[PDB]
Amino acid sequence: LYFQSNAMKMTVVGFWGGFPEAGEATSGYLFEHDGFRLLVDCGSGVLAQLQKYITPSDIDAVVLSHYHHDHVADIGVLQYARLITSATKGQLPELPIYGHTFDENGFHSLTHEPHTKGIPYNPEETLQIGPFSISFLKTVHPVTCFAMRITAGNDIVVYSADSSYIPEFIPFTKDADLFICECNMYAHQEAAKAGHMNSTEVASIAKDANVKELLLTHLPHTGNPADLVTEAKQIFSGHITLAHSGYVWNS
Amino acid sequence: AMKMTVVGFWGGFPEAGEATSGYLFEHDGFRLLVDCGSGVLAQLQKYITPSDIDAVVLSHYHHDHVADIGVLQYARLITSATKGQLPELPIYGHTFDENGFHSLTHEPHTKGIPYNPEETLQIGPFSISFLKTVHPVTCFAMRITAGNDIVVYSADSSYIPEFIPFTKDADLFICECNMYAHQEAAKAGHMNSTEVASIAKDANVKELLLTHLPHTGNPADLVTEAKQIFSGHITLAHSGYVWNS
Ligand code: NA
Ligand code: NA
Ligand SMILES: [Zn+2]
Ligand SMILES: [Zn+2]
Ligand SMILES: [Zn+2]
Ligand SMILES: [Zn+2]
(Lines give C-alpha, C1' and ligand atoms only; values in the text may rest on other atoms or scores of the structure.)
(Ligands and ions follow the chains in the order given, each with its own letter.)
Protein backbone atom coordinates (compact mmCIF):
# COMPACT_ATOMS: atom_id res chain seq x y z
CA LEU A 1 0.00 0.00 0.00
CA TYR A 2 1.04 3.56 -0.78
CA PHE A 3 -0.67 5.58 1.94
CA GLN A 4 1.63 8.27 3.26
CA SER A 5 2.61 8.67 6.90
CA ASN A 6 2.44 12.04 8.67
CA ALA A 7 -0.50 13.11 6.52
CA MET A 8 -3.41 12.48 8.92
CA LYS A 9 -5.43 15.29 10.51
CA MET A 10 -7.78 14.74 13.46
CA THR A 11 -10.30 17.45 14.42
CA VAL A 12 -12.38 17.24 17.62
CA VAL A 13 -16.00 17.78 16.66
CA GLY A 14 -17.60 16.87 20.02
CA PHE A 15 -16.06 15.82 23.32
CA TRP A 16 -18.64 15.99 26.18
CA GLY A 17 -19.56 12.78 28.02
CA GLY A 18 -23.24 11.77 28.11
CA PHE A 19 -24.83 15.05 26.92
CA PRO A 20 -23.49 18.29 25.40
CA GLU A 21 -22.85 21.57 27.16
CA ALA A 22 -24.26 24.77 25.60
CA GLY A 23 -23.53 25.12 21.85
CA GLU A 24 -21.30 22.05 21.72
CA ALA A 25 -21.42 18.29 21.12
CA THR A 26 -20.80 14.82 22.53
CA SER A 27 -18.37 12.29 21.02
CA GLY A 28 -17.39 12.87 17.40
CA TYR A 29 -13.89 13.01 15.88
CA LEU A 30 -13.09 13.82 12.25
CA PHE A 31 -10.12 11.96 10.69
CA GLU A 32 -8.80 13.15 7.30
CA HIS A 33 -6.11 11.67 5.06
CA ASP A 34 -5.56 12.69 1.42
CA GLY A 35 -9.14 13.96 1.04
CA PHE A 36 -10.81 10.94 2.71
CA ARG A 37 -13.10 12.05 5.57
CA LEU A 38 -13.82 9.46 8.30
CA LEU A 39 -16.15 10.37 11.17
CA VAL A 40 -15.44 8.43 14.39
CA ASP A 41 -18.64 8.41 16.50
CA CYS A 42 -21.62 10.62 15.82
CA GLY A 43 -23.16 11.91 19.05
CA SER A 44 -25.51 14.72 19.98
CA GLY A 45 -24.77 18.05 18.30
CA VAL A 46 -22.12 16.40 16.12
CA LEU A 47 -23.80 17.01 12.74
CA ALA A 48 -24.23 20.71 13.66
CA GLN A 49 -20.60 21.00 14.83
CA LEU A 50 -19.17 18.96 11.95
CA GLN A 51 -20.32 21.59 9.44
CA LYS A 52 -17.84 24.05 10.89
CA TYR A 53 -15.24 21.85 9.13
CA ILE A 54 -16.83 19.89 6.25
CA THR A 55 -20.25 19.41 4.58
CA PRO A 56 -22.40 16.29 5.04
CA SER A 57 -21.63 15.42 1.38
CA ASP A 58 -17.90 15.48 2.22
CA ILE A 59 -18.18 12.57 4.69
CA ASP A 60 -16.78 9.37 3.15
CA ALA A 61 -17.41 6.93 6.02
CA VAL A 62 -18.54 6.75 9.65
CA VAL A 63 -17.35 4.23 12.28
CA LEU A 64 -19.05 3.76 15.65
CA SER A 65 -17.62 2.48 18.96
CA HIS A 66 -20.99 1.70 20.57
CA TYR A 67 -24.68 2.55 20.49
CA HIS A 68 -25.01 4.75 23.56
CA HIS A 69 -26.99 7.90 22.72
CA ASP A 70 -23.99 10.19 23.20
CA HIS A 71 -22.14 8.29 20.42
CA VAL A 72 -24.93 7.82 17.84
CA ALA A 73 -27.61 10.48 18.45
CA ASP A 74 -27.06 12.22 15.11
CA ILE A 75 -27.01 9.15 12.84
CA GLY A 76 -30.69 9.63 11.91
CA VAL A 77 -30.37 13.27 10.92
CA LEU A 78 -27.16 12.38 9.05
CA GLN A 79 -29.20 9.87 7.04
CA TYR A 80 -31.75 12.65 6.38
CA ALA A 81 -28.93 15.04 5.40
CA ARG A 82 -27.67 12.57 2.78
CA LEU A 83 -31.17 11.91 1.44
CA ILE A 84 -32.16 15.58 1.24
CA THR A 85 -28.85 16.69 -0.27
CA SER A 86 -29.01 13.93 -2.89
CA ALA A 87 -32.51 14.98 -3.91
CA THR A 88 -31.90 18.73 -4.03
CA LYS A 89 -28.24 19.24 -4.90
CA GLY A 90 -27.18 16.08 -6.78
CA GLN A 91 -27.01 12.37 -6.05
CA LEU A 92 -24.46 11.32 -3.43
CA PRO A 93 -22.81 7.88 -3.17
CA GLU A 94 -24.08 5.50 -0.51
CA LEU A 95 -22.47 6.35 2.82
CA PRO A 96 -21.01 3.32 4.64
CA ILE A 97 -21.48 3.35 8.40
CA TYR A 98 -19.38 0.77 10.22
CA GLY A 99 -20.69 -0.68 13.48
CA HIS A 100 -20.67 -3.81 15.65
CA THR A 101 -23.46 -6.38 15.42
CA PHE A 102 -23.79 -7.23 19.13
CA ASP A 103 -26.73 -4.78 19.31
CA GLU A 104 -28.83 -5.88 16.32
CA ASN A 105 -31.39 -3.07 16.64
CA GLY A 106 -28.58 -0.49 16.83
CA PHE A 107 -26.83 -1.99 13.83
CA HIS A 108 -30.07 -2.19 11.79
CA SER A 109 -30.64 1.54 12.43
CA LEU A 110 -27.47 2.38 10.45
CA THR A 111 -29.06 1.46 7.11
CA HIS A 112 -31.32 3.88 5.29
CA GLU A 113 -31.29 2.58 1.73
CA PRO A 114 -29.97 3.89 -0.63
CA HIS A 115 -28.38 6.76 1.33
CA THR A 116 -26.49 4.93 4.06
CA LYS A 117 -25.52 1.32 4.60
CA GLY A 118 -24.57 -0.41 7.82
CA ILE A 119 -21.40 -2.45 7.36
CA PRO A 120 -20.44 -4.81 10.17
CA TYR A 121 -16.99 -4.74 11.66
CA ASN A 122 -15.41 -7.84 13.18
CA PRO A 123 -13.51 -6.88 16.33
CA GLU A 124 -11.18 -9.87 15.90
CA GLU A 125 -9.97 -8.59 12.52
CA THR A 126 -8.41 -5.52 10.96
CA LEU A 127 -10.80 -3.25 9.08
CA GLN A 128 -9.74 -1.10 6.11
CA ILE A 129 -11.70 2.12 5.54
CA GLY A 130 -10.12 4.07 2.68
CA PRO A 131 -6.53 4.89 3.77
CA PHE A 132 -7.27 3.89 7.39
CA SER A 133 -6.54 0.49 8.95
CA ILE A 134 -8.44 -0.10 12.18
CA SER A 135 -8.13 -2.78 14.82
CA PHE A 136 -10.32 -3.14 17.90
CA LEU A 137 -10.24 -3.80 21.64
CA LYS A 138 -13.36 -4.80 23.56
CA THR A 139 -13.81 -2.36 26.47
CA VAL A 140 -15.54 -2.77 29.85
CA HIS A 141 -18.68 -0.59 29.75
CA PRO A 142 -22.43 -1.09 30.43
CA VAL A 143 -23.04 -1.90 26.73
CA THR A 144 -20.78 -3.60 24.15
CA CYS A 145 -18.10 -1.16 23.07
CA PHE A 146 -14.85 -1.17 21.12
CA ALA A 147 -11.76 0.98 21.36
CA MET A 148 -9.95 1.58 18.05
CA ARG A 149 -6.34 1.65 16.91
CA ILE A 150 -6.40 3.71 13.72
CA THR A 151 -3.40 3.67 11.39
CA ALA A 152 -2.30 5.14 8.08
CA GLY A 153 1.22 4.30 6.99
CA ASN A 154 3.24 4.37 10.18
CA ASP A 155 0.85 6.67 12.08
CA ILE A 156 -0.91 5.33 15.19
CA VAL A 157 -3.93 6.96 16.81
CA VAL A 158 -5.76 5.12 19.59
CA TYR A 159 -9.32 6.03 20.60
CA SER A 160 -10.36 4.52 23.94
CA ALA A 161 -14.10 4.89 23.30
CA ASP A 162 -15.61 4.34 26.79
CA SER A 163 -14.16 1.92 29.36
CA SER A 164 -13.17 1.25 32.92
CA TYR A 165 -9.47 0.52 33.35
CA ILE A 166 -8.18 -2.76 31.92
CA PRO A 167 -4.53 -3.77 31.55
CA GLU A 168 -5.16 -4.84 27.93
CA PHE A 169 -5.07 -1.13 27.09
CA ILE A 170 -1.28 -1.11 27.53
CA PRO A 171 -0.25 -3.42 24.65
CA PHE A 172 -3.12 -2.08 22.52
CA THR A 173 -2.02 1.54 22.95
CA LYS A 174 1.73 0.80 22.64
CA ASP A 175 3.68 3.68 21.04
CA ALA A 176 0.56 5.57 19.90
CA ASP A 177 1.26 8.99 18.41
CA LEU A 178 -2.06 10.18 19.84
CA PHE A 179 -4.17 8.52 22.54
CA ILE A 180 -7.69 10.00 22.60
CA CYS A 181 -8.85 8.74 25.97
CA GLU A 182 -12.09 9.16 27.88
CA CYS A 183 -11.55 10.79 31.24
CA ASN A 184 -14.99 11.04 32.83
CA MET A 185 -13.81 11.15 36.44
CA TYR A 186 -11.45 13.29 38.50
CA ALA A 187 -8.62 11.66 40.51
CA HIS A 188 -10.67 11.62 43.74
CA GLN A 189 -13.56 9.74 42.10
CA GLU A 190 -14.19 6.03 41.62
CA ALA A 191 -14.76 5.36 37.91
CA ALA A 192 -14.73 1.60 37.31
CA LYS A 193 -18.27 0.90 38.60
CA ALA A 194 -19.59 3.29 35.92
CA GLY A 195 -17.57 1.89 33.00
CA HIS A 196 -15.29 4.96 32.92
CA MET A 197 -11.77 5.99 33.92
CA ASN A 198 -10.31 8.71 36.13
CA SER A 199 -7.30 10.93 35.35
CA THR A 200 -4.97 8.68 37.40
CA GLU A 201 -5.92 5.59 35.41
CA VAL A 202 -5.76 7.35 32.06
CA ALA A 203 -2.33 8.82 32.83
CA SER A 204 -1.08 5.35 33.86
CA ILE A 205 -1.97 3.93 30.44
CA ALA A 206 -0.32 6.87 28.66
CA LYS A 207 2.88 6.30 30.68
CA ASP A 208 2.99 2.48 30.37
CA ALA A 209 2.19 2.48 26.64
CA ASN A 210 4.67 5.30 25.96
CA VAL A 211 2.21 7.45 24.04
CA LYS A 212 3.44 10.66 22.44
CA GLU A 213 0.38 12.81 23.18
CA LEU A 214 -2.60 12.23 25.44
CA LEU A 215 -5.94 13.89 24.61
CA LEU A 216 -8.41 13.85 27.54
CA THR A 217 -11.98 13.62 26.33
CA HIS A 218 -15.58 12.50 27.16
CA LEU A 219 -15.47 15.23 29.80
CA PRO A 220 -17.66 15.55 32.96
CA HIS A 221 -20.14 18.28 33.82
CA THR A 222 -18.93 19.11 37.33
CA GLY A 223 -15.75 20.90 38.42
CA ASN A 224 -13.11 22.50 36.24
CA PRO A 225 -12.05 19.93 33.62
CA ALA A 226 -8.61 21.63 33.30
CA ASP A 227 -7.90 19.99 36.69
CA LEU A 228 -7.87 16.63 34.88
CA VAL A 229 -4.75 17.81 33.04
CA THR A 230 -3.07 18.82 36.32
CA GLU A 231 -3.89 15.45 37.85
CA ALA A 232 -2.69 13.49 34.81
CA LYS A 233 0.59 15.47 34.64
CA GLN A 234 1.61 14.13 38.06
CA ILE A 235 1.93 10.69 36.42
CA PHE A 236 2.46 11.11 32.66
CA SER A 237 5.29 13.39 31.47
CA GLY A 238 4.35 13.56 27.76
CA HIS A 239 2.10 16.15 26.09
CA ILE A 240 -1.43 16.38 27.54
CA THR A 241 -4.28 18.21 25.81
CA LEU A 242 -7.81 18.80 27.11
CA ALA A 243 -10.36 18.19 24.34
CA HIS A 244 -12.19 21.28 23.09
CA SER A 245 -14.22 22.11 19.97
CA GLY A 246 -11.99 22.31 16.90
CA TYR A 247 -8.79 21.02 18.45
CA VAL A 248 -6.63 19.90 15.50
CA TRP A 249 -3.90 17.25 15.71
CA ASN A 250 -1.60 16.54 12.74
CA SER A 251 0.33 13.27 12.54
CA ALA B 1 -47.74 35.54 30.40
CA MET B 2 -46.72 33.04 27.68
CA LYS B 3 -43.29 33.23 26.02
CA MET B 4 -41.87 31.09 23.17
CA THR B 5 -38.16 30.83 22.24
CA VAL B 6 -37.01 29.18 18.99
CA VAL B 7 -34.31 26.69 20.02
CA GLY B 8 -34.03 24.96 16.61
CA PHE B 9 -35.80 25.49 13.30
CA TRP B 10 -34.01 23.66 10.44
CA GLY B 11 -35.93 21.06 8.47
CA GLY B 12 -34.52 17.54 8.33
CA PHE B 13 -31.00 18.23 9.62
CA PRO B 14 -29.27 21.24 11.17
CA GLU B 15 -26.99 23.79 9.54
CA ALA B 16 -23.65 24.62 11.15
CA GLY B 17 -23.85 25.35 14.87
CA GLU B 18 -27.66 25.20 14.96
CA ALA B 19 -30.55 22.77 15.52
CA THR B 20 -33.65 21.16 14.04
CA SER B 21 -37.16 21.45 15.51
CA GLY B 22 -37.35 22.54 19.16
CA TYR B 23 -39.45 25.35 20.69
CA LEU B 24 -39.33 26.38 24.32
CA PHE B 25 -42.63 27.53 25.81
CA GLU B 26 -42.67 29.30 29.18
CA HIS B 27 -45.65 30.37 31.30
CA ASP B 28 -45.73 31.08 35.06
CA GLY B 29 -42.26 29.48 35.49
CA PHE B 30 -43.27 26.30 33.68
CA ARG B 31 -40.88 25.24 30.90
CA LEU B 32 -42.41 23.12 28.14
CA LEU B 33 -40.19 21.92 25.29
CA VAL B 34 -42.10 21.27 22.04
CA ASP B 35 -40.10 18.79 19.92
CA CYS B 36 -36.51 17.77 20.66
CA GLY B 37 -34.52 17.44 17.43
CA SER B 38 -30.84 17.36 16.54
CA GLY B 39 -28.69 19.97 18.28
CA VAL B 40 -31.65 20.98 20.46
CA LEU B 41 -30.15 19.98 23.82
CA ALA B 42 -26.96 21.94 22.97
CA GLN B 43 -28.95 25.01 21.85
CA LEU B 44 -31.47 24.79 24.70
CA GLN B 45 -28.78 25.51 27.26
CA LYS B 46 -28.32 29.00 25.86
CA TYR B 47 -31.68 29.65 27.59
CA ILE B 48 -32.27 27.16 30.42
CA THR B 49 -30.61 24.16 32.05
CA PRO B 50 -31.69 20.55 31.50
CA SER B 51 -32.91 20.55 35.14
CA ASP B 52 -35.17 23.51 34.29
CA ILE B 53 -37.26 21.53 31.77
CA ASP B 54 -40.65 20.68 33.29
CA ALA B 55 -42.10 18.64 30.41
CA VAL B 56 -41.55 17.74 26.75
CA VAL B 57 -44.23 17.12 24.09
CA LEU B 58 -43.54 15.55 20.66
CA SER B 59 -45.40 15.96 17.39
CA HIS B 60 -43.92 12.88 15.69
CA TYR B 61 -40.96 10.53 15.76
CA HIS B 62 -38.98 11.66 12.71
CA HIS B 63 -35.30 12.06 13.65
CA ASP B 64 -35.37 15.86 13.23
CA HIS B 65 -37.99 16.07 16.01
CA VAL B 66 -36.69 13.48 18.51
CA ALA B 67 -32.92 13.07 17.99
CA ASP B 68 -31.94 14.51 21.37
CA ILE B 69 -34.41 12.61 23.56
CA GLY B 70 -31.80 9.98 24.48
CA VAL B 71 -29.10 12.42 25.56
CA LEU B 72 -31.79 14.38 27.42
CA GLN B 73 -32.52 11.19 29.35
CA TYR B 74 -28.78 10.93 30.08
CA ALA B 75 -28.67 14.63 31.11
CA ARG B 76 -31.39 14.02 33.71
CA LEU B 77 -29.72 10.81 34.97
CA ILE B 78 -26.27 12.37 35.23
CA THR B 79 -27.52 15.59 36.85
CA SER B 80 -29.56 13.64 39.42
CA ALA B 81 -26.55 11.49 40.35
CA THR B 82 -24.06 14.35 40.64
CA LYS B 83 -25.94 17.55 41.52
CA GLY B 84 -29.06 16.26 43.31
CA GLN B 85 -32.13 14.17 42.47
CA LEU B 86 -34.48 15.67 39.87
CA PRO B 87 -38.20 14.97 39.49
CA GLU B 88 -39.19 12.41 36.86
CA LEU B 89 -39.54 14.24 33.51
CA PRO B 90 -42.79 13.54 31.61
CA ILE B 91 -42.39 13.27 27.84
CA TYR B 92 -45.72 13.35 26.04
CA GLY B 93 -46.03 11.57 22.71
CA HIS B 94 -48.51 9.69 20.57
CA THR B 95 -48.77 5.93 20.93
CA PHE B 96 -49.15 4.95 17.26
CA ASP B 97 -45.39 4.47 16.85
CA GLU B 98 -45.01 1.82 19.52
CA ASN B 99 -41.20 1.61 19.51
CA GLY B 100 -40.90 5.42 19.46
CA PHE B 101 -43.30 5.83 22.36
CA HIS B 102 -41.60 3.09 24.37
CA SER B 103 -38.21 4.84 23.95
CA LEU B 104 -39.46 7.88 25.87
CA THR B 105 -39.29 6.03 29.18
CA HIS B 106 -36.02 5.76 31.07
CA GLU B 107 -37.04 5.06 34.67
CA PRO B 108 -36.88 6.94 37.04
CA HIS B 109 -35.53 9.87 35.00
CA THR B 110 -38.13 10.25 32.26
CA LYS B 111 -41.55 8.75 31.60
CA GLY B 112 -43.47 8.48 28.34
CA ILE B 113 -46.99 9.85 28.81
CA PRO B 114 -49.52 9.15 26.09
CA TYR B 115 -51.55 11.93 24.54
CA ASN B 116 -54.91 11.23 22.96
CA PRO B 117 -55.28 13.31 19.78
CA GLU B 118 -59.08 13.32 20.20
CA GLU B 119 -58.84 15.02 23.61
CA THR B 120 -57.42 18.17 25.19
CA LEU B 121 -54.21 17.53 27.12
CA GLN B 122 -53.29 19.48 30.27
CA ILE B 123 -49.56 20.00 30.91
CA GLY B 124 -49.16 22.20 33.98
CA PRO B 125 -50.64 25.61 32.95
CA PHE B 126 -50.79 24.66 29.25
CA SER B 127 -53.79 23.18 27.43
CA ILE B 128 -53.12 21.39 24.12
CA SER B 129 -55.46 20.12 21.42
CA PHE B 130 -54.31 18.20 18.35
CA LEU B 131 -54.83 17.96 14.61
CA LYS B 132 -53.68 14.92 12.63
CA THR B 133 -51.44 16.11 9.81
CA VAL B 134 -50.65 14.59 6.40
CA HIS B 135 -47.00 13.50 6.48
CA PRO B 136 -45.04 10.27 5.75
CA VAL B 137 -45.41 9.22 9.41
CA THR B 138 -48.18 9.81 11.94
CA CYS B 139 -47.91 13.39 13.21
CA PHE B 140 -49.98 15.93 15.14
CA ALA B 141 -50.16 19.70 14.98
CA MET B 142 -50.81 21.43 18.32
CA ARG B 143 -53.02 24.28 19.52
CA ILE B 144 -51.37 25.43 22.74
CA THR B 145 -53.15 27.72 25.16
CA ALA B 146 -52.27 29.38 28.43
CA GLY B 147 -54.26 32.25 29.85
CA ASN B 148 -55.85 34.08 26.93
CA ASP B 149 -53.02 33.37 24.45
CA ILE B 150 -53.19 30.85 21.60
CA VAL B 151 -50.17 29.46 19.76
CA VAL B 152 -50.59 26.92 16.96
CA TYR B 153 -47.69 24.73 15.89
CA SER B 154 -48.18 23.06 12.51
CA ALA B 155 -45.64 20.30 13.13
CA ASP B 156 -45.06 18.88 9.61
CA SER B 157 -47.83 18.56 7.01
CA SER B 158 -48.94 19.02 3.47
CA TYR B 159 -51.75 21.57 3.11
CA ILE B 160 -55.13 20.46 4.50
CA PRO B 161 -58.16 22.72 4.89
CA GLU B 162 -58.71 21.43 8.45
CA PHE B 163 -55.86 23.76 9.42
CA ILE B 164 -58.15 26.76 9.02
CA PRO B 165 -60.65 26.10 11.86
CA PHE B 166 -57.84 24.65 13.98
CA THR B 167 -55.68 27.76 13.62
CA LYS B 168 -58.52 30.31 13.87
CA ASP B 169 -57.53 33.57 15.62
CA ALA B 170 -54.16 32.23 16.79
CA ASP B 171 -51.88 34.87 18.33
CA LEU B 172 -48.93 33.03 16.77
CA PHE B 173 -48.88 30.41 14.02
CA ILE B 174 -45.57 28.52 14.01
CA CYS B 175 -45.78 26.89 10.61
CA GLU B 176 -43.46 24.68 8.64
CA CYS B 177 -42.52 26.18 5.32
CA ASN B 178 -40.16 23.70 3.73
CA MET B 179 -40.81 24.73 0.10
CA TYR B 180 -40.61 27.96 -1.88
CA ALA B 181 -43.70 29.14 -3.80
CA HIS B 182 -42.47 27.61 -7.09
CA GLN B 183 -41.98 24.15 -5.55
CA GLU B 184 -44.31 21.20 -5.17
CA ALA B 185 -44.70 20.53 -1.44
CA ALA B 186 -47.71 18.24 -0.91
CA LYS B 187 -46.11 15.07 -2.28
CA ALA B 188 -43.33 15.43 0.36
CA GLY B 189 -45.73 15.98 3.29
CA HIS B 190 -44.72 19.65 3.51
CA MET B 191 -46.04 23.09 2.64
CA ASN B 192 -44.89 25.97 0.49
CA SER B 193 -45.04 29.67 1.30
CA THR B 194 -48.25 30.17 -0.72
CA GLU B 195 -50.08 27.44 1.20
CA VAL B 196 -48.80 28.62 4.58
CA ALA B 197 -49.82 32.22 3.85
CA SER B 198 -53.26 30.96 2.74
CA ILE B 199 -53.85 29.40 6.18
CA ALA B 200 -52.62 32.50 8.04
CA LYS B 201 -54.98 34.67 5.97
CA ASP B 202 -58.03 32.38 6.17
CA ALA B 203 -57.54 31.70 9.91
CA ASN B 204 -56.99 35.42 10.68
CA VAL B 205 -53.79 34.75 12.60
CA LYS B 206 -51.99 37.71 14.26
CA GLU B 207 -48.39 36.61 13.67
CA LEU B 208 -46.92 34.03 11.31
CA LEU B 209 -43.57 32.38 12.08
CA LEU B 210 -42.03 30.44 9.14
CA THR B 211 -39.99 27.48 10.31
CA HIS B 212 -38.66 23.98 9.39
CA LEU B 213 -36.58 25.77 6.78
CA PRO B 214 -34.97 24.37 3.59
CA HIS B 215 -31.25 24.13 2.81
CA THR B 216 -31.33 25.62 -0.68
CA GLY B 217 -32.08 29.15 -1.88
CA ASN B 218 -32.54 32.25 0.22
CA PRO B 219 -35.17 31.63 2.92
CA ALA B 220 -35.84 35.40 3.12
CA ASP B 221 -37.73 34.87 -0.16
CA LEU B 222 -40.28 32.84 1.82
CA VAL B 223 -41.25 36.01 3.70
CA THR B 224 -41.62 37.99 0.45
CA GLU B 225 -43.69 35.18 -1.08
CA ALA B 226 -45.96 34.85 1.97
CA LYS B 227 -46.52 38.63 2.15
CA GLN B 228 -48.20 38.55 -1.29
CA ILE B 229 -51.08 36.62 0.32
CA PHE B 230 -50.98 37.31 4.08
CA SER B 231 -51.05 40.91 5.29
CA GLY B 232 -50.23 40.29 8.98
CA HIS B 233 -46.89 40.12 10.78
CA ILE B 234 -44.46 37.57 9.27
CA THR B 235 -41.22 36.38 10.84
CA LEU B 236 -38.63 33.92 9.54
CA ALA B 237 -37.41 31.60 12.35
CA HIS B 238 -33.86 32.07 13.64
CA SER B 239 -31.92 30.86 16.67
CA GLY B 240 -33.16 32.62 19.79
CA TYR B 241 -36.21 34.29 18.27
CA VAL B 242 -38.57 35.16 21.15
CA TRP B 243 -42.31 35.65 20.89
CA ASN B 244 -44.19 37.29 23.74
CA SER B 245 -47.87 37.67 24.24
NA1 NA C 1 -14.65 14.45 -1.17
NA1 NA D 1 -38.09 25.52 37.61
ZN1 LIG E 1 -19.92 7.83 26.11
ZN1 LIG F 1 -21.06 4.77 26.56
ZN1 LIG G 1 -39.67 17.64 10.32
ZN1 LIG H 1 -41.36 14.87 9.79
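Counting starts at 1 for both ligands and their atoms, following the listed order. In what follows, chains are A, B, ... by sequence order, proteins preceding strands, each numbered from 1. Both backbone and side-chain heavy atoms feed into the values below; hydrogens, waters and symmetry mates do not.
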Visitor: Among the N, O or S atoms that A/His66 has, which is closest to the Zn ion (ligand 4)?
Guide: NE2
Visitor: Spell out, as yes or no, whether a donor-acceptor pair under 3.5 Å connects the side chain of A/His68 to the backbone of A/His66.
Guide: no
Visitor: Relative to each other, are the rings of B/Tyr74 and B/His106 parallel, tilted or perpendicular (30° and 60° limits)?
Guide: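 Correct class here is perpendicular.
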Visitor: With a 6.0 Å cut-off on ring centres, are B/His94 and B/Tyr61 close enough?
Guide: yes
Visitor: Which angle, to 10 degrees, forms at the Zn ion (ligand 4) with NE2 of A/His141 on one side and ND1 of A/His68 on the other?
Guide: 100°
Visitor: Does any N, O or S atom of A/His71, backbone or side chain, fall under 2.8 Å from the Zn ion (ligand 4)?
Guide: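 A/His71 does not place any N, O or S atom closer than 2.8 Å to the Zn ion (ligand 4).
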Visitor: Looking at B/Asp156, pick out the N, O or S atom nearest to the Zn ion (ligand 6) and give its name.
Guide: OD2
Visitor: Which word best sums up how the rings of A/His196 and A/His218 line up, parallel for under 30°, tilted for 30 to 60°, or perpendicular for over 60°?
Guide: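 Geometry flag for A/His218 against A/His196: tilted rings.
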